[PDB]
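Shown here is one chain on its own, the form deposited in one PDB entry, set out as C-alpha cells.
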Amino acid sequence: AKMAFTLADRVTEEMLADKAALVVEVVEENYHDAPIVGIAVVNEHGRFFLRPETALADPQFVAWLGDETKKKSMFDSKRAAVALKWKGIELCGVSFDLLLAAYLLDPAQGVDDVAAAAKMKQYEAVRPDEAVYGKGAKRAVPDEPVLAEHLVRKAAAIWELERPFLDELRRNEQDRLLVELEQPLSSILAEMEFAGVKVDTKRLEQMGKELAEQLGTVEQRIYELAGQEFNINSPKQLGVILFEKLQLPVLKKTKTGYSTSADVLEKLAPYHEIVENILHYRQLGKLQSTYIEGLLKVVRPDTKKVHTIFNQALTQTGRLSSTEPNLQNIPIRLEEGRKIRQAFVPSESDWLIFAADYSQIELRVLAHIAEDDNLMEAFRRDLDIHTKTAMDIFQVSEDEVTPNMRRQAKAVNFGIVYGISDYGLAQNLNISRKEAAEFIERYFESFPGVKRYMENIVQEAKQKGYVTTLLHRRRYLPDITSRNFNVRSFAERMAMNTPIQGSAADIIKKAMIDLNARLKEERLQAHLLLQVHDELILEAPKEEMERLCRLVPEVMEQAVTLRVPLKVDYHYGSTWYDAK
C-alpha cells in the first residue's frame, strides 16, 4: 500500500508551486541548531522527497521557502522555521499549521504529531512519529527509503486534512483564532526562541559556590540535629527521621508514606529545630539543582544564551508552556531565589531588560465576563482589589482592614478564580469548612454577578459540552456530567477557571502580535525575549527605554477592549532582576 512519490535528486520547477504541503523534518526534540533530516513537498503536481543538502543549497528552493506568496501548509511550522533560522534561511508563507489547527479544535487530544491530528478526521494513512523514529535510546532516523516514505505520507496527510480542519474551525468560529492569532504568534515565538536570552554564567557560578557553601552548613546542621546522617532529599529517609526517630506528629499522609511537603513542615516547625533547617535546605537545594546547575546545563557555551522552546500547543487553557529551560518559572517570590534573575542579562552592551506585566488581568477579565457591578467599579477606581474584597466580605471600612483580613481576602480571590470550594479554601487558609463556606458566601453576597457567572458557566458547559474564551478558544468538559462528585467537581472548576485564564492568554497573545507590529513600524531594535503568562520581557538599547515606557504598556492595555480598563505596570534595568 506504499504511497507513490518522487525521490528527487535535484529541485525542479513543479516542486515550487504556489501552494503545497511542506515537511522540513527535525527529529531532535530540541530543534535549536538541530539537523533537518529530510524534506517532503506535496502539491498539485505530485509528491516529492528532497535530501536537505540538495534542497537547502538550491537557490530556487531557498527563494521559494522565503517567498511569502508561495503558500505552505505544515505541521509545527515553528520547529521548521527555527531550525531554518539557525541555517540562515527564512521560511515565509505558512498559511496553515495542522498542529495549531488541531490544538484549537481540541487541546485535550494531546496532538503532537501528524498521525494524531489525522486520526481526528479518520485519516490513518500515516504512521505516528514514535513508530517510525522510536523513543528514548532506541530513537533514530531510519534509512532513506523508510524516512522518505514517512515524510511524504505526512505531507500528503497535511495536504488532504487542511480543508476539513479549516472547515471545522470555521464552524467553531475559530478560523480567525488560527489565522490572525496563533499562526502569526508562532512566527513571533520562533523569533523569540531563536534570539534567546543571554546568561551571565560567571554570576551563576558564583551564586552556586555561595549556595554550595550555605547548603553544606545547613546540611551538617541537619545531621547534627537528627543525631545522624541521611539523604535529606529522600522523602522516605526524611520521613523516618522526622516521624520515627524524632517523634514528630504525622499531620498529613501521602499516597505511599509520610508527607514532608513545605506546608506540612511549616506546621511541625514549632516542635523541633531540625524542621526550619530542612525548609532552608529545601529552598537552597531547589535553587542549586534547578536554577544554578540546571540552567548552566542548557546555556549554549558559544553564545552563552539559553534558547527555550515555547510549546504553543499543549496547555488546556491556551497558555504557552516553556521548556529546556523553562523560563516561565524563574524564582521571584523569595529574595534569595529572586537573585537568580541577576544572571539574565541583555544580549548586547548598552542594552537593558524591559519587563511589562498586566496588573490583576484574571480578576479584571472575571469582572468583564461576569459583568459584576461591584467588581467592575472596583477596577474602574483602580482599587487595591484584595483590600476591597476584605472590606466587603468582612463588612468594614478601609481603615479597619487588618493585614490578616487582606491576606484572607486575597486567598479568597485566588480560590474564586480557581473554582472556589469551602474545602479548598479551608485547606488553604487552614480553617474549618463552615468558616471557609461563610467567607465564600459573604463573597458572593458582595459579588452577585460573579456568583451568577459561576452558576451559569457550569450550566453552559453542561449544555454545550465546552466553555470558551474571549477569542473563541474552547475546552471540552465531558466530566461536567459525571455522577462521581470528585470527577464532576474538577470539571466544574475547569468551567469556572478556563474562560478566565484562557481569555487572559488570548489577550496577551494578541498584545504580542500588536506589539511586534508597532516595534516594526517604529523600527525600534527592541524585541521580545519572553512571555510569562501575564508579562512580556524585552531587551533593547538603553536609548529606546523612554519610548518603550509609553509604547509597551499602551499596546498591552489596548490589545482588547473590556468593560473594565486593563492596567500594565513596567520596569527596566541592567538585568532581569533589576527590571523591578
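Each residue number is its position in the shown sequence, starting from 1.
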Practice task
Using only the Cα atoms and their B-factors as the entry lists them, report which of 441 to 449 and 311 to 319 averages higher.
Solution key: 441 to 449
Exercise for the section: Identify the stretch, either 409 to 417 or 102 to 110, whose C-alpha atoms have the larger mean B-factor according to the entry. Expected result: 409 to 417
Problem - Options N428, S95, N497, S186 - largest CA temperature factor per the record - result: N428
Problem - Most elevated Cα B-factor in the entry, residues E398, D479, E455, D373 - result: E398
Fill in the blank from the handout: Of the three thirds of the chain ranked by Cα temperature factor, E44 occupies the highest
Problem - Within-chain third of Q60 by Cα B-factor, per the entry - result: highest
Exercise for the section: Pull the Cα B-factor of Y291 out of the PDB entry and bin it into the chain's lowest, middle or highest third. Expected result: middle
Problem - Lowest, middle or highest third - CA B-factor, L566 - result: middle
Handout entry: Chain-wide C-alpha B factor ranking for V299, given as lowest, middle or highest third
Key = middle
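One more form of this protein should be noted, the form deposited in another entry, which is absent from this view; the next part is about it.
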Practice task
Could you find the option in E535, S289, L178, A125 that lands on the hinge when one rigid part rotates against the other between this form and the one not shown?
Solution key: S289
